[PDB]
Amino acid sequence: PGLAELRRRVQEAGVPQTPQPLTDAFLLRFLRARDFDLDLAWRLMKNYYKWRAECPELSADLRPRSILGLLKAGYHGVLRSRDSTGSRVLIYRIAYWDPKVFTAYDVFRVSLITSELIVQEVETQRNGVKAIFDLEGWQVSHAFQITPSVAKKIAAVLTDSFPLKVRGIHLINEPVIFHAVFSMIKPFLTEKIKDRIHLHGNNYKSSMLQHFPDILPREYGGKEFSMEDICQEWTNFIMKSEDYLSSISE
């Protein structure tokens, strides 16, 4: 169908054949991220490659060892269950990011690594992801790291530049500023990615439980497992996938 077109276009523009094999599976990432709308999936593919060549410091190296320290510290875990809509749910925790040891680029890379791992799941291509950022422990040094360059790339990676549907961004324990940072974007923003950005603040337990019943760690309201558990499980996973993360590295 539109897969027949996509491949042809890919040949024509001389889309880099490496490191990712241009398989049918890989092309359906783009098709699925755009509900099989050919123009749109192709525009995304182009933006994907465009973003990678602009950012070799981020895109070229997906090998996890360089950031093993950050995984071990407890920055990042992925829930064992999908949410009610088939989304994968990812958790990032600022407290467990030493801004002295890891730069914003190192932290970004974590997400890139996780994204590349979860994009292979057909269910995840279909139902996208939801990212939770627990901002407790937010410092001034974290902010320092978030430059215009970095802000811009955070945007693109959710602005038609990576084959994943962002179904929701949840922030908990954000400092007051984030709301100012955000009151000045709410009405500036589209209607689309505005029903998907949730600032829960300090009093987050109840609203978090409404979006993600029966599947959250004890820290955020659940009762089956802890953040430390899912951090280790996702880290074990990421390491069990280091050969694959090399195969798709420059």
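Numbering starts at 1 and follows the sequence shown.
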Entry B factor averaged over C-alpha atoms, 234 to 242 against 11 to 19: higher for 11 to 19
Of 209 to 217 and 180 to 188, the stretch with the higher mean C-alpha B-factor in the deposited entry is 180 to 188
From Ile67, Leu28, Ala60, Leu40, the top C-alpha temperature factor is at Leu40
Chain-relative C-alpha B factor for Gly128 (record values, thirds): the lowest
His142: CA temperature factor from the record, placed by chain third, in the middle
By the entry's values, the third containing the CA B factor of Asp160 is the highest
Chain thirds by Cα B factor, record data; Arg109 belongs to the lowest
Among the modelled residues of its chain, the C-alpha B-factor of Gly77 falls in the third labelled lowest
